[PDB]
Each structure stands twice: as structure tokens, then as C-alpha cells.
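Visitor: Take a look at structure-v1.pdb, PDB, C-alpha atoms:
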```pdb
ATOM      1  CA  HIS A   1     140.247   4.965-121.790  1.00  0.00           C
ATOM      2  CA  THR A   2     136.875   4.833-120.041  1.00  0.00           C
ATOM      3  CA  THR A   3     136.229   7.011-116.993  1.00  0.00           C
ATOM      4  CA  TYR A   4     134.813   5.339-113.890  1.00  0.00           C
ATOM      5  CA  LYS A   5     133.935   6.866-110.521  1.00  0.00           C
ATOM      6  CA  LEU A   6     133.884   5.439-106.999  1.00  0.00           C
ATOM      7  CA  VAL A   7     131.600   6.859-104.311  1.00  0.00           C
ATOM      8  CA  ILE A   8     132.253   5.718-100.744  1.00  0.00           C
ATOM      9  CA  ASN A   9     129.734   6.300 -97.959  1.00  0.00           C
ATOM     10  CA  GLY A  10     130.828   4.319 -94.903  1.00  0.00           C
ATOM     11  CA  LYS A  11     130.531   5.064 -91.187  1.00  0.00           C
ATOM     12  CA  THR A  12     133.894   6.759 -90.661  1.00  0.00           C
ATOM     13  CA  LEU A  13     135.361   6.356 -94.145  1.00  0.00           C
ATOM     14  CA  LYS A  14     134.003   8.199 -97.180  1.00  0.00           C
ATOM     15  CA  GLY A  15     134.955  10.128-100.316  1.00  0.00           C
ATOM     16  CA  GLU A  16     134.871  10.120-104.117  1.00  0.00           C
ATOM     17  CA  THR A  17     137.568   9.209-106.637  1.00  0.00           C
ATOM     18  CA  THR A  18     137.944   8.345-110.321  1.00  0.00           C
ATOM     19  CA  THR A  19     140.355   6.204-112.334  1.00  0.00           C
ATOM     20  CA  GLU A  20     141.166   5.131-115.887  1.00  0.00           C
ATOM     21  CA  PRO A  21     142.773   1.693-116.107  1.00  0.00           C
ATOM     22  CA  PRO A  22     145.466   1.380-118.772  1.00  0.00           C
ATOM     23  CA  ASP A  23     144.023  -0.013-122.002  1.00  0.00           C
ATOM     24  CA  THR A  24     146.769  -2.587-122.529  1.00  0.00           C
ATOM     25  CA  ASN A  25     144.476  -4.542-124.849  1.00  0.00           C
ATOM     26  CA  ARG A  26     144.282  -1.565-127.207  1.00  0.00           C
ATOM     27  CA  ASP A  27     140.520  -2.080-127.416  1.00  0.00           C
ATOM     28  CA  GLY A  28     139.730   1.637-127.346  1.00  0.00           C
ATOM     29  CA  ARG A  29     137.793   1.309-124.091  1.00  0.00           C
ATOM     30  CA  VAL A  30     137.963  -0.043-120.542  1.00  0.00           C
ATOM     31  CA  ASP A  31     135.591  -2.519-118.902  1.00  0.00           C
ATOM     32  CA  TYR A  32     134.168  -1.704-115.472  1.00  0.00           C
ATOM     33  CA  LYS A  33     135.618  -5.007-114.271  1.00  0.00           C
ATOM     34  CA  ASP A  34     139.115  -3.569-114.654  1.00  0.00           C
ATOM     35  CA  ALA A  35     138.140  -0.324-112.929  1.00  0.00           C
ATOM     36  CA  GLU A  36     136.515  -2.373-110.172  1.00  0.00           C
ATOM     37  CA  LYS A  37     139.785  -4.150-109.393  1.00  0.00           C
ATOM     38  CA  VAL A  38     141.612  -0.816-109.409  1.00  0.00           C
ATOM     39  CA  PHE A  39     139.022   0.738-107.100  1.00  0.00           C
ATOM     40  CA  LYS A  40     139.296  -2.269-104.792  1.00  0.00           C
ATOM     41  CA  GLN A  41     143.036  -1.615-104.693  1.00  0.00           C
ATOM     42  CA  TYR A  42     142.240   1.983-103.765  1.00  0.00           C
ATOM     43  CA  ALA A  43     140.002   0.654-100.995  1.00  0.00           C
ATOM     44  CA  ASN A  44     142.801  -1.641 -99.833  1.00  0.00           C
ATOM     45  CA  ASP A  45     145.140   1.353 -99.690  1.00  0.00           C
ATOM     46  CA  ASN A  46     142.611   3.516 -97.852  1.00  0.00           C
ATOM     47  CA  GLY A  47     141.449   0.652 -95.638  1.00  0.00           C
ATOM     48  CA  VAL A  48     137.881   0.821 -96.938  1.00  0.00           C
ATOM     49  CA  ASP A  49     135.700  -2.278 -96.636  1.00  0.00           C
ATOM     50  CA  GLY A  50     131.948  -2.172 -97.248  1.00  0.00           C
ATOM     51  CA  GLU A  51     129.267  -3.333 -99.680  1.00  0.00           C
ATOM     52  CA  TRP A  52     130.259  -2.985-103.334  1.00  0.00           C
ATOM     53  CA  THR A  53     127.652  -2.084-105.942  1.00  0.00           C
ATOM     54  CA  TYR A  54     127.729  -0.841-109.535  1.00  0.00           C
ATOM     55  CA  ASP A  55     125.330   1.329-111.533  1.00  0.00           C
ATOM     56  CA  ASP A  56     125.023   0.093-115.116  1.00  0.00           C
ATOM     57  CA  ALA A  57     123.130   3.231-116.116  1.00  0.00           C
ATOM     58  CA  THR A  58     125.813   5.758-115.190  1.00  0.00           C
ATOM     59  CA  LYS A  59     128.745   3.369-114.801  1.00  0.00           C
ATOM     60  CA  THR A  60     129.335   4.285-111.161  1.00  0.00           C
ATOM     61  CA  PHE A  61     130.766   2.321-108.238  1.00  0.00           C
ATOM     62  CA  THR A  62     129.395   2.680-104.710  1.00  0.00           C
ATOM     63  CA  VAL A  63     130.618   1.407-101.345  1.00  0.00           C
ATOM     64  CA  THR A  64     128.391   1.617 -98.272  1.00  0.00           C
ATOM     65  CA  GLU A  65     128.899   0.678 -94.623  1.00  0.00           C
TER      66      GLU A  65
END
```
Could you write out this file's structure as C-alpha cells?
Guide:
Amino acid sequence: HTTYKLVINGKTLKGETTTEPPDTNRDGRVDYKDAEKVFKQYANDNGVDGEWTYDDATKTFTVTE
């Protein structure tokens, strides 16, 4: 799997978390697009809703107020 990280910096909501989406394609790696959807599910569970960005250089997700 491929490790992705989510960094949230909202007004009242914030925190960091990682995830590794199941490689059901057996590709040997995971696209950020899959991790994005998973992280958005994490946001839905936590009630987080801000501006989503993604760092290509470090493969990192960020949500800001």
C-alpha cells in the first residue's frame, strides 16, 4: 500500500491522520485519489468541512477553514 497523510487546520476542528486504502487492484501501490475519498469519509465522520488541497511533492492532504 501507499501511505498518505491528512492535516486538518480549521477554526474549531483540527488534527492529523493517515490511511492506507486497500489495494484491491493488486497494483502494488495506491493512488492519492483513493486516499482522498477515504480521507473525505474521515472528514464526514468527524464533521470536518473546509478547503481541500494536495501536495504532489510530499503526497500530503490538507484541509483549512
Visitor: Find the distance between CA of residue 36 in chain A and CA of residue 13 in chain A and write it in Å to one decimal.
Guide: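 Separation between CA of residue 36 in chain A and CA of residue 13 in chain A: 18.3 Å.
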Visitor: Given only C-alpha atoms as the basis, pick out the residue of A:60, A:53, A:24, A:41 nearest to residue 4 in chain A.
Guide: A:60
Visitor: Extract, using all atoms listed in the file, all DNA, RNA and protein residues at most 8 Å from residue 29 in chain A, discarding same-chain residues fewer than 5 positions from it, and format them as a list in words.
Guide: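 Contacts, with the query itself left out: residues 1, 2 and 23 of chain A.
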Visitor: Taking the file as I've supplied it (selection: the PyMOL selection byres ((chain A and resi 35) around 9)), which residues are included? Please answer as JSON, numbers by chain.
Guide: {"A": [2, 3, 4, 5, 19, 20, 21, 30, 31, 32, 33, 34, 36, 37, 38, 39, 40]}
Visitor: So which residues get picked by the PyMOL selection byres ((chain A and resi 46) around 12) here, written as a list in words?
Guide: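 Applying the expression gives residues 8, 12, 13, 14, 15, 16, 17, 39, 40, 41, 42, 43, 44, 45, 47, 48 and 49 of chain A.
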Visitor: Just say which residues the PyMOL selection byres ((chain A and resi 65) around 7) picks in this file, as a ChimeraX atom specification.
Guide: /A:9-11,50-51,63-64
